[PDB]
């Protein structure tokens, strides 16, 4: 529910305020360790899959942004990432913070995404390989190709 | 086919058969009269706003026995149109160019008469904002056919003094097969 | 008049109604073309096939009023109404210039050959179950065992 | 800062001059998107405010426009005086290269405005049009009558309560008008026309077709009131009826030779209302099509003026227009996004074929027009006026630059990326003669060929529609395979694009002069007010000021030398 | 309280919501889950603005406008960068999985999601993944279901459960595969399920009756009219196209019918587009039914009425005030007979006596919801006129609202109010012959014969005030519940008593008046409402006249040889054989009607009248207010051979041709002047709407939107020449779009709500001074009734107990919503909704007869043995038999009558 920290934040005392100023929070004070052999993209994909499928169905942003994060992270897993996905995830994290949603499920969902983008950005960049293609041809209509 | 008889916009028309099926010299002489009226047609292109300039790329009244009403039917110019219509001499025919002469034609507003059909009879209509000169020419052929199948009084002394207009088959029913049987078209992304 | 005149493919002449590659009429009997008409020379009424698709019960166009400016073709979201390069019109009576549905619907796809609107719509269609359209997932049941 | 921003223009020094002259009070500055300072002047201060503007060190010398507006149904009126009606005067100063707007508020009970013809003599037809279309009366006005509608017309058309529909056509009224036309010369009363009552013979002399009454001293002509309004289509009243998107063909049909040039100002003013900044490719396409239709109009004008004393050129331009757009004459191709479709895959070949064959046609045209001594002798010294009868009678066409006044809209107030195209405008010297006007339009045609060559050289490959959500219609492929684009296409086709309540104004160098659109929006999907200022209106108003002391042949040679269009005059 | 929006001061209420405060100011904030009548939740997050703490603040915080109080000193911003892009993101998330089927959708130009997607300015799509789908359900004959269009803003379930009290709709599923519907496939049995069509901002719940013969919103020609299906008189907007009425929408009025209709008025418009309706005047000689125009019909009818010795006019409770008055002027006052039974007319007259002479205030439909204890005597309110029952549900929820207000939680958040409530209900005591649909919320339901309900009311009145007459024979087990009702009504600040003429007994009205008077005696703010039978039965009672029985006796006696029946079937109010014999004995029978009734056979002249869609008229509500309905379309626009004129027009021209031998196609305002000059108690009907010479800034008001499409091709299939527009000289409306429908226009009657950027039914909030309140510039219809200074007397006539008798059966009405209205059964879509013709029996009575449930039984009435299938009623009493009134063959006047020979068939 909390967000990832690096080795430099391992020396902080496990307190509410001490981890609060580190861009994080203490939470349930049960630490979760991730080693070097595990891709951050897959781990955050599993986190977002849990938060998407285990959320309630009340309010819009969690309901229709956590599956979008799940699909983006699956595309990053399979190497089918398109330019404009990491920025979409950052905007999603900024718009799923406290107060923007009905309850505090979504901020705790998007804190791991925020820390994964902030710290382990290079794997998310490496998940993008194929160019952006949302629309397909109609073969009788000239497309609005912009520069 | 059967005809409508006009005899001496508000008058009444009745649908009867032609009087030629009831003499053999009158049949061929009326055919020659209709042939002569069909082949030599003298138009009077009325000078209006923006269909008249379009048929420029394609004379005095009362020698031209035909009026082509081009532009928009303005309420100030509608008396001019009717007066110029009664100037011409029988027989006379009317070809309407553009939507503005058939109907109101994109101007359903206070200062526009909804076509010359409101006040003068029209023989041939041409639809659409400015028609091509080839559309005017095909309307000329259609009206030539309509004139060629007619029964007008050959003299004002002896004979039936009534004008018989033929009920032509409509062009949408005649050309229905060739229009419905169109499978594919060129894409608009090229020239 | 002997030699035919060449006209470009993007020529605004006679209005036709267009079929899809499947064979039915593309027209879903909305009123976008009737209301985008500045003259107001399009009239139609929606009827519904007993299993699925909409179609026009009638489709009449007053060509004595039409100015061939192409707003209806531009406003069709099904590419059903199109403006052919054919211009050889002109009739004897104005009443016969009102082209009905049988005078407009042609037997093939015109300027937009491969497009089909119902392959994008999400409604239940004869030959198209729910979740069979493009970029559309199969319906997960409300009673399904997965979370 | 974007060019479409709602500015108040209190930094304009003319506002400071007005504050120094008439005090900080007594006029209300309105913040619009027109790009000009708009001041609400009280009714009794109007004549002295105009007199002060006429006596500035760089005075406002030309009355660009003068028309009314029905404020009764206008809901969004914030920062505006309590007005049932309003009369706006648009004034242009060329030395300042600026323009101001003067709005006078009126109530229902007293629709009386002091006349403006004692200051600007071109205000006569504008005040007659305001009295015709609205109910506004002008005090101290000679022959104040209906100019667009006949005198036997009851209501006022541009009023909001007047229905904008064609009523039932009664033949009885048409027979009254036919009988009136039969006795028009018999019961002619030269006091309603504003005429002087034995040589003087009164006759109605029947491009377009319009009557012009004539007073004869033998053959020499002493007074003339050109009767206009015979081609009145009600473009503005239909502008109050159609939406922002359906009015584009009506903007094509005011001037048929211009067409796309005439749907340019409406599109630009609509984009100013919507806050849309179109990309550079859209600007280049607009410039190319506008100069293409300008070449069409100039070639037809030169051919018409030279015929009485051409086919393949206009056919090739019309073939190119048919390739780019729909049919040739009225394209209806400029959208709020900027164009309807993208350019096809063969326009380079057609434009290069057009541009590699027209310079020798220009050489032939100049060789013809420089050697016809009969045409030069017939066209020299006729209807001579230098800068004074052209600075006060409108006259914004080729005559304004024939007087030597260096004022082109494409250079003074550039639009649609015309600053990126290098072209030197032509200006005449001294007398605005007819032959000088024709030579100026020949040089304008050469400059338009140069602009087309520049457009063919460097065409950007960006989008053909802007990314703004108010681009009507949205791009078609995204409409067909995305749902938000389908929403925008649906609601911009069905009801119309909802635009915020602002006031916009676009001034455009047309094919024959300066055409301008002035759009007032009430926040709805229609236009609350559409005003189309036309050059040919002011070009037809100046015939009495120029052909007093000439013959009928001189009058009709001048009429042919004027590039006016009757449908352009009567809207 | 004052607020600051975008650095601009505004004076709003402090006790209401911030979203509704901003929408009341004309500001635009998008919203999905908020409704003015349903409170505020957070099911969407669309109304987000940025709130600051003090005047000088830059960061702010994104809050919800519908969940922030509009307290004094708030500084909010709507159109800054962050809130605008967040609302764009929310509409992007909602439209992430939304089907690409807008042109094939029923909403189209009526969709709120389209307006709020355009308003947020979201056009480009960057979601490239797959969408979400759901299976649809069969919700019945009226509601089409398309669950894929849903955005899960929870408004439908909140309305249907919290507001409507229905037990069908609900939320199923989970995070993203959420569902809104029924647990199975079946018909929504709530009487207010039709409001889900406009409650849903998407195309999920749509109108099936409008799905068939569908057109878009801008193609509809609208008019403000009054629903003619029962006595509540809910304000409706019927809209037509191509000469047939296509869809009835809600018309806002903050006094009667604010936001919600019932299913009968929403889906009973199918009788006006039947192809068997009279369209031309038809006259018979022998067996020849020839067709006349208007002038020949008037001349011939005037000739036969002149040659007659005495004329009698039989009015109807469904015709307007103008039509009934025109009949009252065509025939004499001394011979003018209201076409209702003597007992039903007597009940109507005493109900009117309690209304305008009982000295007790009668509330409107909106202010029923403010009462504290409701006692319904005899009436099946939820089935006769259901909108009063919905207001009764709201009045019951008023106790939970009061308990929430005691805890200082704001009234616009209904979740906390329902949390505090927890089945805390205001006292509702309903009495009926069987079960009702209000029994789930009622404090007590009394299943008893009608006389026993009357004695219960008399006992309540006696125990509330000893001056009332006493009741002998009350059992103590019933006396305890009598005491329960007495202490419930005595402690209520605003008690409400509901009765009506459909109960079939005079004494129920008497007992309700006695209870109301006893509550008024002890200083309570007691109100009374009476549910009448038809739309203008109260207006007919105010106009007055003889009964239908007196007309029939005048017919077979031979005193009158000419009868003019205006819009009456005449089989609902009297026996069929007697009416048929009386009409066959009459030498001249004229029937002025728009529905092909049974008496049009062997009727010597038939005048094709006009329905509410094709006529102008005035109708009086059950509360007594006189509203007026306007013509929607000209019937002669398409197929101009039909004349189809107004009923008052027909009768006035017939009277003019009778007197001066010439026709006079009069005007509506002339008839209104004649009514207010002849009848003094009807003088208030020239205050409902202004004259035909009323203009806002010189122009009329448009029946159709500005984007009315296809004007030049609408009639092109029969005439390419466009005809002139129909001229409406009767009223303030023009038949074209050249009018005025501005929200900021000085008028009370709105044909349809449309605002730029608000194409949905949620454009009504632009037409009101404050949203969810009264309409701006007043409300349509004036009350016409003033409370008397003194009340009536205590009605001493207390009936005895209902003793069952052998060989005879007391008939009890049931009054189904979809089958007990004469104009509703003729609608083809109702015929699948009405139950099969049945008859209810007690288990003891069925055991005595030996008949099992579901089998046929035969009973004889008027010498006619008819066989109906039985069903067992648990709540019915012994010695009674139950029938659905209003059906084919079962008259509504059969209530309270006797029955003989219940033999098994």
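Descriptive notes on the structure:
Think of it as A, B, C, D and E in the order they're written, each chain with its own count starting at 1.
In the analysis below, contacts are C-beta pairs under 8 Å (C-beta built on N, C-alpha and C of every residue); 3 or more make two chains touch, one makes a residue touch a chain.
Taking the mean of each chain's C-alpha atoms, the chain whose centre lies closest to the overall C-alpha mean is C. Summarising the inter-chain layout, the chain whose CA centre lies farthest from the centre of chain A is B.
Looking at D-E and A-B side by side, the one with more C-beta contacts is D-E. Averaged Cα coordinates give chain C a centre that lies 40 Å from the centre of chain E. A straight line joining the Cα centres of chain A and chain E is 53 Å long. Centre to centre, using the average C-alpha position, chain A and chain D are separated by 57 Å. Looking at chain D, one finds that residues 163-165, 167, 241, 249-250, 323, 327, 330, 341-342, 344, 467, 476, 478, 480-482, 486, 490, 494 touch two or more other chains.
Shown for chain E are the residues that touch two or more other chains, namely 99-100, 102-103, 108, 125, 128-130, 173-174, 216, 218, 707, 711-712, 720-721. Multi-chain contact residues, meaning those touching two or more other chains, occur in chain A at positions 53-54, 134, 138-142.
If the chains shown are joined wherever they touch, the resulting network links each chain directly to all the rest. Pairs of chains meeting the touch criterion are A-B, A-C, A-D, A-E, B-C, B-D, B-E, C-D, C-E, D-E. Chain A meets chain C in the complex at residues 53-54, 138-141. Contact residues of chain A toward chain D in the complex are 134-138, 141-147.
The touching residues of chain C, counted against chain A in their complex, run 79, 111-115, 146-147.
Chain B contributes residues 99, 102-106, 108, 115, 117, 122-129, 131-132, 134-135, 137-139, 141-142, 146, 168, 170-173, 175-176, 179-191 to its touches with chain C in the complex. Chain D contributes residues 148-150, 157, 162-167, 169, 171, 174, 177-178, 180-181, 207-209, 229-234, 237-238, 241, 249-250, 253, 256-257, 311, 314-315, 323, 327, 329-330, 341-342, 344-347, 350, 566-567 to its touches with chain B in the complex.
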